[PDB]
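One letter stands for each residue in the lines below.
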Amino acid sequence: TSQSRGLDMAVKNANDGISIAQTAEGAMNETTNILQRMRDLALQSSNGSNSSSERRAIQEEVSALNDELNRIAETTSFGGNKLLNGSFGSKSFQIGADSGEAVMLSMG
Amino acid sequence: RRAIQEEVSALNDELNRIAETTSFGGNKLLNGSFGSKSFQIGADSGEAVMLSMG
Amino acid sequence: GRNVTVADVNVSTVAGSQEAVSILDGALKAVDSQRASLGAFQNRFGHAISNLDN
Amino acid sequence: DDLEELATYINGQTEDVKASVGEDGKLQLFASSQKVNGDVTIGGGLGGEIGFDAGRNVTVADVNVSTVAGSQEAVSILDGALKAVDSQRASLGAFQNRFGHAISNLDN
Amino acid sequence: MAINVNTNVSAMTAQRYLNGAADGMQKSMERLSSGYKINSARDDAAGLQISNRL
Amino acid sequence: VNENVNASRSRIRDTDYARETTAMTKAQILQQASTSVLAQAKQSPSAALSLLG
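Residues numbered from 1 in each chain as written, not as in the entry; some residues may be left out. Chains lettered and ligands numbered in written order. Part of a larger assembly, values for the part shown. Heavy atoms only, no water.

Structure determination for the deposited model, as stated in its record, used cryo-EM, and the stated resolution is 3.16 Å.

Under the PDB entry, the name given to chain C is Flagellin B, and the organism recorded is Vibrio cholerae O1 biovar El Tor. The record for the entry shows the title "In situ structure of the sheathed FlaB flagellar filament in Vibrio cholerae".

Under the PDB entry, chain A has the name Flagellin B and belongs to Vibrio cholerae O1 biovar El Tor.

Helix and strand counts for chain C come out as one helix and zero strands. For 54 residues, the compact-globule estimate of 2.2 N^0.38 gives 10 Å, and the C-alpha radius of gyration of chain C, at 19 Å, exceeds that figure by more than 25%. Expressed as lengths along the three principal axes of its C-alpha atoms, the size of chain C is roughly 60 × 20 × 15 Å. Buried residues in chain C amount to 24% of all 54 residues. Accessible surface for chain C amounts to roughly 3600 Å². Of this, 54% is attributable to carbon and sulfur atoms. Considering chain C, the positive charge centre built from 4 side chains and the negative charge centre built from 5 side chains are found 4 Å apart. (Helix = DSSP H or I, 4+ residues; strand = E, 2+ residues; numbered from the N terminus. Rg over C-alpha atoms; globule rule 2.2 N^0.38 Å. Buried < 20%, exposed > 50% of the residue type's maximum accessible area, 1.4 Å probe, protein only. Areas by Shrake-Rupley, 256 points an atom, 1.4 Å probe, with all protein chains shown as cover. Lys, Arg positive; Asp, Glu negative; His and termini not counted. Charge placed at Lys NZ, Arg CZ, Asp CG, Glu CD.)

What follows concerns the side chain of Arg-44 of chain C. Within the element layout of this structure, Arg-44 of chain C appears in helix α1 (residues 14–53). No salt bridge is formed by the buried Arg-44 of chain C; its nearest oppositely charged neighbour, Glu-68 of chain A, is found at 4.5 Å. Every residue in contact with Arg-44 of chain C, bar those within four places of it in the chain, is listed here: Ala-64, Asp-67, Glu-68 and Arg-71 of chain A together with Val-49 of chain B. (Salt bridge = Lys/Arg side-chain N within 4 Å of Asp/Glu carboxyl O. Contact = heavy atoms within 4.5 Å.)

When the parts of a complex come together, some accessible area is lost, and that lost area is often used as the size of the interface. Taken together, the contact pairs four residues of chain E with five residues of chain F. Between chain E and chain F lies a buried interface of about 390 Å² when both sides are counted; carbon and sulfur atoms form 69% of it. By the criterion of area lost to chain F, the three top residues of chain E are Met-29, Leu-32 and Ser-33 of chain E, representing 83% of everything that side buries. There are zero salt bridges connecting chain E and chain F. Counting every contact that joins chain E to chain F gives zero residue pairs in polar contact. Residue composition of the side of chain E that touches chain F, grouped by class: two nonpolar, two polar and no charged. (Buried area = accessible area lost by both parts, 1.4 Å probe. Polar contact = N/O pair within 3.5 Å; in protein donor to acceptor, adjacent residues only side chain to side chain. Nonpolar A, V, L, I, M, F, W, Y, C, P; charged D, E, K, R; others polar.)

Moving on: the packing of aromatic side chains. All told, the structure shown has four aromatic pairs over all chains when counted by the stated rule. A ring pair is formed by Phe-39 of chain B and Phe-41 of chain C, whose centres lie 6.1 Å apart and whose planes are at 65°; its orientation type is edge-to-face. Of this pair, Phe-39 of chain B sits in strand β1 (residues 36–40) while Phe-41 of chain C sits in helix α1, each in a different chain. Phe-39 of chain B sits in the partly exposed class, given a relative accessible area of 29%. With a relative accessible area of 12%, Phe-41 of chain C lands in the buried category. Measuring from ring centre to ring centre gives 4.3 Å for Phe-41 of chain C and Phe-45 of chain C, while their planes differ by 35°; the resulting arrangement is tilted. Placement of both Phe-41 of chain C and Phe-45 of chain C in helix α1 is noted, with a separation of four residues, approximately one turn of the helix. In this structure, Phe-41 of chain C and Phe-45 of chain C share a single accessibility class: buried. Each member of the aromatic cluster is reached from another via a ring pair, and the members are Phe-39 of chain B together with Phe-41 and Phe-45 of chain C. (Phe/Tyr/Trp six-rings, centres within 6.5 Å; stacked < 30°, edge-to-face > 60°.)

Each partner contributes to the interface: chain C provides 13 residues, whereas chain B provides 15 residues. Between chain C and chain B, roughly 1200 Å² of surface is buried when both sides are summed, and carbon and sulfur atoms account for 67% of that area. Across the chain C-chain B interface, the total number found is zero salt bridges. Across the chain C-chain B interface, the total number found is two residue pairs in polar contact. Across the side of chain C that touches chain B, the residue classes break down as eight nonpolar, four polar and one charged.

Here is the structure:
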């Protein structure tokens, strides 16, 4: 019964590990969409039909989106526990009924 | 030339009308008194975005 | 060099009208630039809405 | 990084203090009375450039929301307030469980 | 739990959350007839003012 | 003068079919929303029947 109670704590802990990476990856989904948009803008600016002025217009879009990428990195969090700012590091999720049965999760 | 000028002056007076009357619920936008305001788009304090219209 | 804006646009003479065509060219760039600046802000907020909802 | 992005970056980097920007663009910090003791000492080149005044004590009653600076500070005040009420609730809950075991032990 | 007769605190909890559920659907069912989130100052205090101003 | 007066009268009195039809359809959806919620609202006292029964 000690093992049984520990297994429920392991299911609960593993569920938390699932949700923590779910929130982190969901923010990564928008980051992919933003970078694809900035790649569309980058290809557009490279055209020789664009004079100086429209290149400033693309830069304004790119700079605004670039500050948005830093925004998502520094604001995404799990109940105040920041994820994508690089301060999470490697943390272990204990998914066993005995001490020392964790799994290491790290994101850059 | 004064025929064109009279219409140009009317349009110029219209530009000042658009700038001075365009408002968002009594908050004028294009008259230059808006300045820079922080739009809070986060679930925690100090996560706002600066917007400014000249 | 004397400062001239859209208010001082006086097309009653060819000199004033020739300058006028150039003055509004400078004004259209100012309006288009801030419109594009607002448009970048709007797209930035649209992506923020998707991320916040996600 | 402008002031608003600087406030976000300070928020992500450390969780002890919370940064925000006022009406005029003035970076206000908030050191919760439950997490820190004594005054905060601010140094560095950025601290000298921005300039930082003395520490004023605020509470939930002192919350003024008629200004955007007051509302940005308000979110931080009630975050330390929510953590304060939740801290005592856990203490009471562990106490209810403790006498739950005491009642059963006394019955045996 | 001493099995009692005069007190039924389990049922008091049941009707308390029944009260919250019955009220909760009343707000939604009112909101859907009218089509408005803010049917009164209860829901959004300032949201009522700015919506009325708009 | 008659042509311009007629145009002015149309702007003041003659209906706008683009706007009026949208208002009619929106009102139609509004009533259908009201009948649906009213139908669900009439069964609320039936939830009071289960307690004593």
